[PDB]
file input09.pdb (PDB, C-alpha atoms (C1' of nucleotides))
ATOM      1  CA  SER A 243     133.752 143.962  58.532  1.00  0.00           C
ATOM      2  CA  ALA A 244     136.342 146.609  59.314  1.00  0.00           C
ATOM      3  CA  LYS A 245     134.865 149.939  60.405  1.00  0.00           C
ATOM      4  CA  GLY A 246     136.268 153.285  59.319  1.00  0.00           C
ATOM      5  CA  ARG A 247     136.360 156.452  61.384  1.00  0.00           C
ATOM      6  CA  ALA A 248     133.080 157.708  59.917  1.00  0.00           C
ATOM      7  CA  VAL A 249     131.394 154.340  60.446  1.00  0.00           C
ATOM      8  CA  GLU A 250     132.694 154.115  64.019  1.00  0.00           C
ATOM      9  CA  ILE A 251     131.394 157.610  64.797  1.00  0.00           C
ATOM     10  CA  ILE A 252     128.040 156.761  63.204  1.00  0.00           C
ATOM     11  CA  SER A 253     127.710 153.581  65.273  1.00  0.00           C
ATOM     12  CA  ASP A 254     128.722 155.392  68.467  1.00  0.00           C
ATOM     13  CA  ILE A 255     126.011 157.974  67.779  1.00  0.00           C
ATOM     14  CA  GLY A 256     123.501 155.227  66.979  1.00  0.00           C
ATOM     15  CA  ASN A 257     124.233 153.822  70.420  1.00  0.00           C
ATOM     16  CA  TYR A 258     122.480 156.927  71.758  1.00  0.00           C
ATOM     17  CA  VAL A 259     119.951 156.930  68.904  1.00  0.00           C
ATOM     18  CA  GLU A 260     118.508 153.494  69.714  1.00  0.00           C
ATOM     19  CA  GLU A 261     115.203 153.175  71.590  1.00  0.00           C
ATOM     20  CA  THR A 262     114.534 156.909  71.312  1.00  0.00           C
ATOM     21  CA  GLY A 263     111.042 158.268  71.875  1.00  0.00           C
ATOM     22  CA  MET A 264     109.976 155.152  73.812  1.00  0.00           C
ATOM     23  CA  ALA A 265     111.244 156.012  77.283  1.00  0.00           C
ATOM     24  CA  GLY A 266     107.828 155.324  78.798  1.00  0.00           C
ATOM     25  CA  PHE A 267     107.686 151.682  77.714  1.00  0.00           C
ATOM     26  CA  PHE A 268     111.295 150.791  78.518  1.00  0.00           C
ATOM     27  CA  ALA A 269     111.172 152.665  81.825  1.00  0.00           C
ATOM     28  CA  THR A 270     108.000 150.749  82.684  1.00  0.00           C
ATOM     29  CA  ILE A 271     109.762 147.473  81.871  1.00  0.00           C
ATOM     30  CA  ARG A 272     112.990 148.196  83.732  1.00  0.00           C
ATOM     31  CA  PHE A 273     111.475 149.725  86.866  1.00  0.00           C
ATOM     32  CA  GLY A 274     107.949 148.371  87.319  1.00  0.00           C
ATOM     33  CA  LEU A 275     108.433 144.909  85.845  1.00  0.00           C
ATOM     34  CA  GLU A 276     112.000 144.143  86.880  1.00  0.00           C
ATOM     35  CA  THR A 277     113.133 145.015  90.409  1.00  0.00           C
ATOM     36  CA  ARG A 278     110.356 142.816  91.765  1.00  0.00           C
ATOM     37  CA  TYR A 279     108.457 144.683  94.492  1.00  0.00           C
ATOM     38  CA  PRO A 280     105.895 143.064  96.832  1.00  0.00           C
ATOM     39  CA  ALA A 281     103.447 145.703  95.549  1.00  0.00           C
ATOM     40  CA  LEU A 282     103.429 144.293  92.003  1.00  0.00           C
ATOM     41  CA  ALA A 283     100.892 141.466  92.399  1.00  0.00           C
ATOM     42  CA  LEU A 284      98.014 143.605  93.646  1.00  0.00           C
ATOM     43  CA  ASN A 285      95.080 142.616  91.333  1.00  0.00           C
ATOM     44  CA  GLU A 286      95.074 146.023  89.602  1.00  0.00           C
ATOM     45  CA  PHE A 287      98.286 145.285  87.675  1.00  0.00           C
ATOM     46  CA  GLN A 288      97.577 141.864  86.127  1.00  0.00           C
ATOM     47  CA  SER A 289      96.009 143.272  82.955  1.00  0.00           C
ATOM     48  CA  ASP A 290      98.924 145.685  82.572  1.00  0.00           C
ATOM     49  CA  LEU A 291     101.384 142.815  83.054  1.00  0.00           C
TER      50      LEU A 291
ATOM     51  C1'   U B   1     133.495 158.366  76.586  1.00  0.00           C
ATOM     52  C1'   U B   2     137.836 158.539  79.882  1.00  0.00           C
ATOM     53  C1'   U B   3     140.884 159.790  84.553  1.00  0.00           C
ATOM     54  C1'   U B   4     143.713 153.815  90.385  1.00  0.00           C
ATOM     55  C1'   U B   5     147.310 150.155  90.817  1.00  0.00           C
ATOM     56  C1'   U B   6     149.866 146.212  88.426  1.00  0.00           C
ATOM     57  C1'   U B   7     159.247 143.880  87.969  1.00  0.00           C
ATOM     58  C1'   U B   8     162.705 142.177  91.855  1.00  0.00           C
ATOM     59  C1'   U B   9     165.036 141.904  97.020  1.00  0.00           C
ATOM     60  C1'   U B  10     164.265 135.102 102.551  1.00  0.00           C
ATOM     61  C1'   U B  11     166.036 130.313 103.128  1.00  0.00           C
ATOM     62  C1'   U B  12     167.257 125.737 100.770  1.00  0.00           C
ATOM     63  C1'   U B  13     174.942 119.930 101.498  1.00  0.00           C
ATOM     64  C1'   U B  14     176.661 116.867 105.653  1.00  0.00           C
ATOM     65  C1'   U B  15     177.705 115.469 111.074  1.00  0.00           C
ATOM     66  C1'   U B  16     173.327 109.334 115.590  1.00  0.00           C
ATOM     67  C1'   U B  17     172.961 104.211 115.941  1.00  0.00           C
ATOM     68  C1'   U B  18     172.775  99.632 113.327  1.00  0.00           C
ATOM     69  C1'   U B  19     177.289  91.181 114.584  1.00  0.00           C
ATOM     70  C1'   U B  20     176.892  87.454 118.593  1.00  0.00           C
ATOM     71  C1'   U B  21     176.307  85.576 123.915  1.00  0.00           C
ATOM     72  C1'   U B  22     169.199  81.526 127.019  1.00  0.00           C
ATOM     73  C1'   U B  23     166.824  76.975 126.724  1.00  0.00           C
ATOM     74  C1'   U B  24     165.385  72.960 123.611  1.00  0.00           C
ATOM     75  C1'   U B  25     166.015  63.364 124.648  1.00  0.00           C
ATOM     76  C1'   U B  26     163.498  59.998 128.116  1.00  0.00           C
ATOM     77  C1'   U B  27     161.212  58.260 133.051  1.00  0.00           C
ATOM     78  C1'   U B  28     152.598  57.268 134.484  1.00  0.00           C
ATOM     79  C1'   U B  29     148.743  54.107 133.360  1.00  0.00           C
ATOM     80  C1'   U B  30     146.554  51.075 129.605  1.00  0.00           C
ATOM     81  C1'   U B  31     143.191  42.005 129.698  1.00  0.00           C
ATOM     82  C1'   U B  32     138.942  39.759 132.307  1.00  0.00           C
ATOM     83  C1'   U B  33     135.408  38.943 136.618  1.00  0.00           C
ATOM     84  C1'   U B  34     126.943  41.327 136.620  1.00  0.00           C
ATOM     85  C1'   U B  35     122.419  39.998 134.457  1.00  0.00           C
ATOM     86  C1'   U B  36     119.968  38.289 130.129  1.00  0.00           C
ATOM     87  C1'   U B  37     113.396  31.338 128.660  1.00  0.00           C
ATOM     88  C1'   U B  38     108.229  30.826 130.365  1.00  0.00           C
ATOM     89  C1'   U B  39     103.828  31.249 133.940  1.00  0.00           C
ATOM     90  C1'   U B  40      97.129  36.875 132.844  1.00  0.00           C
ATOM     91  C1'   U B  41      92.948  37.535 129.899  1.00  0.00           C
ATOM     92  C1'   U B  42      90.837  37.124 125.068  1.00  0.00           C
ATOM     93  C1'   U B  43      82.531  33.359 121.861  1.00  0.00           C
ATOM     94  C1'   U B  44      77.372  34.943 122.634  1.00  0.00           C
ATOM     95  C1'   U B  45      72.876  36.984 125.498  1.00  0.00           C
ATOM     96  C1'   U B  46      69.210  44.844 124.002  1.00  0.00           C
ATOM     97  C1'   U B  47      66.185  47.165 120.561  1.00  0.00           C
ATOM     98  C1'   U B  48      65.065  47.822 115.450  1.00  0.00           C
ATOM     99  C1'   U B  49      56.715  47.800 110.563  1.00  0.00           C
ATOM    100  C1'   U B  50      52.451  51.259 110.721  1.00  0.00           C
ATOM    101  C1'   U B  51      48.715  54.844 113.025  1.00  0.00           C
ATOM    102  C1'   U B  52      48.659  63.581 111.863  1.00  0.00           C
ATOM    103  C1'   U B  53      47.474  67.031 108.253  1.00  0.00           C
ATOM    104  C1'   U B  54      47.678  68.317 103.122  1.00  0.00           C
ATOM    105  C1'   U B  55      41.023  71.785  97.039  1.00  0.00           C
ATOM    106  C1'   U B  56      38.557  76.618  96.909  1.00  0.00           C
ATOM    107  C1'   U B  57      36.060  81.297  98.984  1.00  0.00           C
ATOM    108  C1'   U B  58      39.590  89.324  98.792  1.00  0.00           C
ATOM    109  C1'   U B  59      40.521  93.144  95.464  1.00  0.00           C
ATOM    110  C1'   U B  60      42.138  94.448  90.626  1.00  0.00           C
ATOM    111  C1'   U B  61      38.659 100.507  83.951  1.00  0.00           C
ATOM    112  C1'   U B  62      38.263 106.001  83.931  1.00  0.00           C
ATOM    113  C1'   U B  63      37.445 111.176  86.107  1.00  0.00           C
ATOM    114  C1'   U B  64      43.739 117.145  87.375  1.00  0.00           C
ATOM    115  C1'   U B  65      46.688 120.374  84.672  1.00  0.00           C
ATOM    116  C1'   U B  66      49.554 121.097  80.293  1.00  0.00           C
ATOM    117  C1'   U B  67      49.953 128.345  73.899  1.00  0.00           C
ATOM    118  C1'   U B  68      51.725 133.466  74.446  1.00  0.00           C
ATOM    119  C1'   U B  69      52.559 138.487  77.001  1.00  0.00           C
ATOM    120  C1'   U B  70      60.337 141.388  79.873  1.00  0.00           C
ATOM    121  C1'   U B  71      64.737 143.279  78.103  1.00  0.00           C
ATOM    122  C1'   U B  72      68.374 142.976  74.272  1.00  0.00           C
ATOM    123  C1'   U B  73      72.741 149.716  68.880  1.00  0.00           C
ATOM    124  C1'   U B  74      76.211 153.727  70.231  1.00  0.00           C
ATOM    125  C1'   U B  75      78.327 157.852  73.457  1.00  0.00           C
ATOM    126  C1'   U B  76      85.960 157.339  77.799  1.00  0.00           C
ATOM    127  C1'   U B  77      91.087 157.314  76.920  1.00  0.00           C
ATOM    128  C1'   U B  78      94.972 155.745  73.734  1.00  0.00           C
ATOM    129  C1'   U B  79     102.566 160.365  69.908  1.00  0.00           C
ATOM    130  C1'   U B  80     106.964 162.637  72.204  1.00  0.00           C
ATOM    131  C1'   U B  81     109.937 165.509  76.103  1.00  0.00           C
ATOM    132  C1'   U B  82     115.837 161.834  81.512  1.00  0.00           C
ATOM    133  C1'   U B  83     120.489 159.795  81.446  1.00  0.00           C
ATOM    134  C1'   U B  84     123.529 156.822  78.596  1.00  0.00           C
TER     135        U B  84
END
call {"tool": "encode", "arguments": {"input": "input09.pdb", "output": "structure tokens"}}
result
Amino acid sequence: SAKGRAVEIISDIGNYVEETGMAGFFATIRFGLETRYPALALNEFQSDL
RNA sequence: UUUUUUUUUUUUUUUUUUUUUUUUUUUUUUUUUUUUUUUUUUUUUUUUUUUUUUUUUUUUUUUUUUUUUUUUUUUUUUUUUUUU
């Protein structure tokens, strides 16, 4: 549907609001899991994976 | 969050050549001449029964062992702090 000025501002703010308070998990995903490093498969990370 | 750039400027008709000139009948050879019946051998002559052996004599029950003896709850950690 069409978005008014208030709704557009609210959605733009919610862009920042999303995934708040969970920086540890998403940082773990993005950095440790993605960006595949030869040090990942090291037999002390399999349970964490 | 965002901070640049993002019209155009040339060329682009044509000019040659492009009929033909030779040759292109024929001339040999092309019947036949030998040989072509037959003459040996071609029955048979040994051997060809048989002569051993062929029952049996051992052994053949059994003698062990065969319950059990431990251990077997628990004692950590486990929200969040950036940017966008």
call {"tool": "interface_residues", "arguments": {"input": "input09.pdb", "of": "chain B", "to": "chain A", "cutoff": "10 Å", "atoms": "all atoms listed in the file", "output": "JSON, numbers by chain"}}
result
{"B": [1, 79, 80, 81, 82, 84]}
call {"tool": "write_last_selection", "arguments": {"input": "input09.pdb", "atoms": "C-alpha atoms (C1' of nucleotides)", "output": "PDB file, in the coordinates of the input"}}
result
ATOM      1  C1'   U B   1     133.495 158.366  76.586  1.00  0.00           C
ATOM      2  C1'   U B  79     102.566 160.365  69.908  1.00  0.00           C
ATOM      3  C1'   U B  80     106.964 162.637  72.204  1.00  0.00           C
ATOM      4  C1'   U B  81     109.937 165.509  76.103  1.00  0.00           C
ATOM      5  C1'   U B  82     115.837 161.834  81.512  1.00  0.00           C
ATOM      6  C1'   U B  84     123.529 156.822  78.596  1.00  0.00           C
TER       7        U B  84
END
call {"tool": "atom_distance", "arguments": {"input": "input09.pdb", "atom1": "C1' of residue 2 in chain B", "atom2": "CA of residue 261 in chain A"}}
result
24.7 Å
call {"tool": "resolve_selection", "arguments": {"input": "input09.pdb", "expression": "the PyMOL selection byres ((chain A and resi 291) around 10)", "output": "PDB file with C-alpha atoms, keeping the file's coordinate frame"}}
result
ATOM      1  CA  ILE A 271     109.762 147.473  81.871  1.00  0.00           C
ATOM      2  CA  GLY A 274     107.949 148.371  87.319  1.00  0.00           C
ATOM      3  CA  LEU A 275     108.433 144.909  85.845  1.00  0.00           C
ATOM      4  CA  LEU A 282     103.429 144.293  92.003  1.00  0.00           C
ATOM      5  CA  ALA A 283     100.892 141.466  92.399  1.00  0.00           C
ATOM      6  CA  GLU A 286      95.074 146.023  89.602  1.00  0.00           C
ATOM      7  CA  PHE A 287      98.286 145.285  87.675  1.00  0.00           C
ATOM      8  CA  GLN A 288      97.577 141.864  86.127  1.00  0.00           C
ATOM      9  CA  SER A 289      96.009 143.272  82.955  1.00  0.00           C
ATOM     10  CA  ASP A 290      98.924 145.685  82.572  1.00  0.00           C
TER      11      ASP A 290
END
call {"tool": "atom_distance", "arguments": {"input": "input09.pdb", "atom1": "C1' of residue 3 in chain B", "atom2": "CA of residue 253 in chain A"}}
result
24.2 Å
call {"tool": "atom_distance", "arguments": {"input": "input09.pdb", "atom1": "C1' of residue 76 in chain B", "atom2": "CA of residue 272 in chain A"}}
result
29.1 Å
call {"tool": "axis_aligned_box", "arguments": {"input": "input09.pdb", "around": "range 66-76 of chain B", "padding_each_side": "3 Å", "output": "lines of an AutoDock Vina configuration file"}}
result
center_x = 67.8
center_y = 139.5
center_z = 74.6
size_x = 42.4
size_y = 42.8
size_z = 17.4
call {"tool": "build_atoms", "arguments": {"input": "input09.pdb", "residues": "range 243-259 of chain A", "atoms": "N, CA and C atoms", "output": "PDB file, in the frame of the given file"}}
result
ATOM      1  N   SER A 243     132.757 143.326  59.380  1.00  0.00           N
ATOM      2  CA  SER A 243     133.752 143.962  58.532  1.00  0.00           C
ATOM      3  C   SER A 243     134.473 145.065  59.296  1.00  0.00           C
ATOM      4  N   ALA A 244     135.580 145.521  58.718  1.00  0.00           N
ATOM      5  CA  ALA A 244     136.342 146.609  59.314  1.00  0.00           C
ATOM      6  C   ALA A 244     135.557 147.911  59.229  1.00  0.00           C
ATOM      7  N   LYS A 245     135.608 148.692  60.303  1.00  0.00           N
ATOM      8  CA  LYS A 245     134.865 149.939  60.405  1.00  0.00           C
ATOM      9  C   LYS A 245     135.824 151.117  60.303  1.00  0.00           C
ATOM     10  N   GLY A 246     135.502 152.065  59.428  1.00  0.00           N
ATOM     11  CA  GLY A 246     136.268 153.285  59.319  1.00  0.00           C
ATOM     12  C   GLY A 246     135.888 154.293  60.386  1.00  0.00           C
ATOM     13  N   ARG A 247     136.603 155.420  60.380  1.00  0.00           N
ATOM     14  CA  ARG A 247     136.360 156.452  61.384  1.00  0.00           C
ATOM     15  C   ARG A 247     134.933 156.979  61.300  1.00  0.00           C
ATOM     16  N   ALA A 248     134.452 157.245  60.084  1.00  0.00           N
ATOM     17  CA  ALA A 248     133.080 157.708  59.917  1.00  0.00           C
ATOM     18  C   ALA A 248     132.084 156.663  60.395  1.00  0.00           C
ATOM     19  N   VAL A 249     132.317 155.397  60.050  1.00  0.00           N
ATOM     20  CA  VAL A 249     131.394 154.340  60.446  1.00  0.00           C
ATOM     21  C   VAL A 249     131.420 154.147  61.958  1.00  0.00           C
ATOM     22  N   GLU A 250     132.604 154.240  62.568  1.00  0.00           N
ATOM     23  CA  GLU A 250     132.694 154.115  64.019  1.00  0.00           C
ATOM     24  C   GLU A 250     131.957 155.251  64.716  1.00  0.00           C
ATOM     25  N   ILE A 251     132.114 156.479  64.218  1.00  0.00           N
ATOM     26  CA  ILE A 251     131.394 157.610  64.797  1.00  0.00           C
ATOM     27  C   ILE A 251     129.891 157.425  64.633  1.00  0.00           C
ATOM     28  N   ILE A 252     129.463 156.960  63.458  1.00  0.00           N
ATOM     29  CA  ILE A 252     128.040 156.761  63.204  1.00  0.00           C
ATOM     30  C   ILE A 252     127.466 155.715  64.150  1.00  0.00           C
ATOM     31  N   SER A 253     128.193 154.617  64.364  1.00  0.00           N
ATOM     32  CA  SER A 253     127.710 153.581  65.273  1.00  0.00           C
ATOM     33  C   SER A 253     127.697 154.068  66.718  1.00  0.00           C
ATOM     34  N   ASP A 254     128.707 154.847  67.115  1.00  0.00           N
ATOM     35  CA  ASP A 254     128.722 155.392  68.467  1.00  0.00           C
ATOM     36  C   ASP A 254     127.540 156.326  68.693  1.00  0.00           C
ATOM     37  N   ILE A 255     127.188 157.118  67.679  1.00  0.00           N
ATOM     38  CA  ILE A 255     126.011 157.974  67.779  1.00  0.00           C
ATOM     39  C   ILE A 255     124.738 157.136  67.826  1.00  0.00           C
ATOM     40  N   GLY A 256     124.648 156.115  66.971  1.00  0.00           N
ATOM     41  CA  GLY A 256     123.501 155.227  66.979  1.00  0.00           C
ATOM     42  C   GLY A 256     123.314 154.496  68.287  1.00  0.00           C
ATOM     43  N   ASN A 257     124.385 154.343  69.066  1.00  0.00           N
ATOM     44  CA  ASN A 257     124.233 153.822  70.420  1.00  0.00           C
ATOM     45  C   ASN A 257     123.285 154.694  71.233  1.00  0.00           C
ATOM     46  N   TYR A 258     123.422 156.017  71.117  1.00  0.00           N
ATOM     47  CA  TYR A 258     122.480 156.927  71.758  1.00  0.00           C
ATOM     48  C   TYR A 258     121.150 156.987  71.019  1.00  0.00           C
ATOM     49  N   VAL A 259     121.168 156.790  69.699  1.00  0.00           N
ATOM     50  CA  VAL A 259     119.951 156.930  68.904  1.00  0.00           C
ATOM     51  C   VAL A 259     118.934 155.845  69.244  1.00  0.00           C
TER      52      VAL A 259
END
